[PDB]
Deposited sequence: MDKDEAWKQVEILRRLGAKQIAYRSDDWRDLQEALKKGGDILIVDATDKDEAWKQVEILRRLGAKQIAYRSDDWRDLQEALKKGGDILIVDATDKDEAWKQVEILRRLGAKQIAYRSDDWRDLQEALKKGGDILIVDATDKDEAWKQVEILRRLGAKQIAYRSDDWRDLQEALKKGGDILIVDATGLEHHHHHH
């Protein structure tokens, strides 16, 4: 894994995101220079990993949950980015924004649902002209375009602002 992030940052990757079940991966990706740490699932254990990473010196904390009652409590414990995963989501992100959230994020594998999220947002993409959705959202004026899991090398050249890496 460390050899794979080395070549990404040796390429034009300036922002790298990490996420896995073992917090030791979070704990040691922070020494490897990981820009952003994602937290995924138990509520109590999640907010425990937030208070420690903030004290471990993490510069960018991210929390993800479907229940917007759970994403408001991570805001207080140290979460810097809220990842919303639904027709009330536009209202769900409205409460969070008007509660102090400066960085919100929506994630989906369809740019139709991400353009709809354009109304501080991150436009996370799940993938499987495959990695060509960036040139669209960039033409729509997106400022933070993230990419999540070989296309990672390609989506960098396309213009993905953030890359997201997982377990194993």
| property | result |
| --- | --- |
| Deposited positions without coordinates, collected into consecutive stretches in sequence order | 1-5, 46, 92-94, 129-130, 140-142, 164-166, 186-194 |
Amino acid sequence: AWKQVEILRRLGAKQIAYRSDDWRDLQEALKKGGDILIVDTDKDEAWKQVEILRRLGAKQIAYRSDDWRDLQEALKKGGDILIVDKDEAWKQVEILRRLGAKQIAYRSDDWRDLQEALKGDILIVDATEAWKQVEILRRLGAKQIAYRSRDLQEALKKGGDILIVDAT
From here on, numbers count along this sequence of modelled residues.
{"query": "Between 16-24 and 155-163 (mean CA B-factor, as deposited), the higher", "finding": "16-24"}
{"query": "Mean Cα B-factor comparison, 55-63 or 110-118, giving the higher one as deposited", "finding": "110-118"}
{"query": "Highest recorded Cα temperature factor - choice among 139, 143, 48, 32", "finding": "139"}
{"query": "Top Cα B factor in the deposited entry, candidates 123, 99, 38, 127", "finding": "127"}
{"query": "Among modelled residues of the same chain, the CA temperature factor third for residue 71", "finding": "lowest"}
{"query": "Within-chain third of residue 83 by Cα B-factor, per the entry", "finding": "lowest"}
